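Here's a solo chain for you in structure tokens, the form deposited in one PDB entry.
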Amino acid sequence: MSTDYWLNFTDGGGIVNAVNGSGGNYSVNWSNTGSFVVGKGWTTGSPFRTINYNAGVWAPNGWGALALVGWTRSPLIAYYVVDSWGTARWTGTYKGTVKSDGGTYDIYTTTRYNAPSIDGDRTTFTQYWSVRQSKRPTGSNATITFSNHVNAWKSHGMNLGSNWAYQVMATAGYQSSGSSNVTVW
């Protein structure tokens, strides 16, 4: 279905001027921030959804990421499919690769401790990552066939929970500046 969810989260640092645009469109102007995640998407994620997006502007300056971001409960797990970024070194436990939507992604797993989640301000949870091996071109219609990622993660025993929460094509960052404009459908 078309989008029905607006995510606008910041830890409070600097400027995160997030604009809830028409329909699935949004934009973000950010500068000297802390952590933040912003985007349009769906209230209930699905492992079978094909996410469409067009990033008309993608201009991160620092640690910023253009990524599908979502959650399950039962158990509580955060997941990320990163298509582009500014300056970022991907590091940590490495599980393999998945090919999807004309690209190849590296699979990582991490843990966050005493951090914000959909369940509270100080929670501990596993994170599943797909990170594109090269930055995806932007400005044209793009697809994330999320089922390919779910299935690849499953093949490494990285199972998602049964109670699906939000699923957003996000702009996220950490102590950085930039601008983005993304339409999601």
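A residue's number is simply how far along the shown sequence it sits, counting from 1.
Greater mean Cα temperature factor according to the PDB record, 149-157 or 136-144
The stretch with the larger average C-alpha B-factor is 136-144.
Identify the stretch, either 83-91 or 104-112, whose C-alpha atoms have the larger mean B-factor according to the entry.
83-91 has the higher mean C-alpha B-factor.
Which one of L68, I118, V37, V57 shows the biggest C-alpha B-factor in the PDB entry?
That would be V57, according to the entry.
Sort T183, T3, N8, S179 by C-alpha B-factor from the entry and give me just the highest.
Top of the list by C-alpha B-factor: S179.
Place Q167 in the lowest, middle or highest third of its chain's C-alpha B-factors, as listed in the PDB entry.
Lowest third.
Modelled-residue ranking by C-alpha temperature factor, third containing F48
Middle third of the chain for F48's C-alpha B-factor.
If you rank every modelled residue in this chain by C-alpha B factor, which third holds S31: lowest, middle or highest?
According to the entry, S31 has a C-alpha B-factor in the chain's highest third.
Relative to the other modelled residues in the chain, which third contains the C-alpha temperature factor of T123: lowest, middle or highest?
Ranked within chain, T123 CA B lands in the middle tercile.
The discussion below concerns the form solved in complex with a small molecule, not included here.
Heavy atoms within 4.5 Å of the small molecule in the entry with it bound: which of the stretches 40-48, 125-133, 156-164, 143-151 has them?
That would be stretch 125-133.
Given that the partner is absent here, does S117 sit within 4.5 Å of the small molecule in the entry with it bound, heavy atoms only?
Residue-level check for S117: yes, a contact with the small molecule.
Quick one: does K99 come within 4.5 Å of the small molecule in the entry with it bound, counting heavy atoms only?
Outside the cut-off, so no.
Test of understanding: in the entry with it bound, would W30 fall inside 4.5 Å of the small molecule by heavy atoms?
No, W30 is distant from the partner.
With the partner left out of view, is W90 within 4.5 angstroms of the small molecule in the entry with it bound by any non-hydrogen atom?
Contact check for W90: yes, within 4.5 Å of the small molecule in the entry with it bound.
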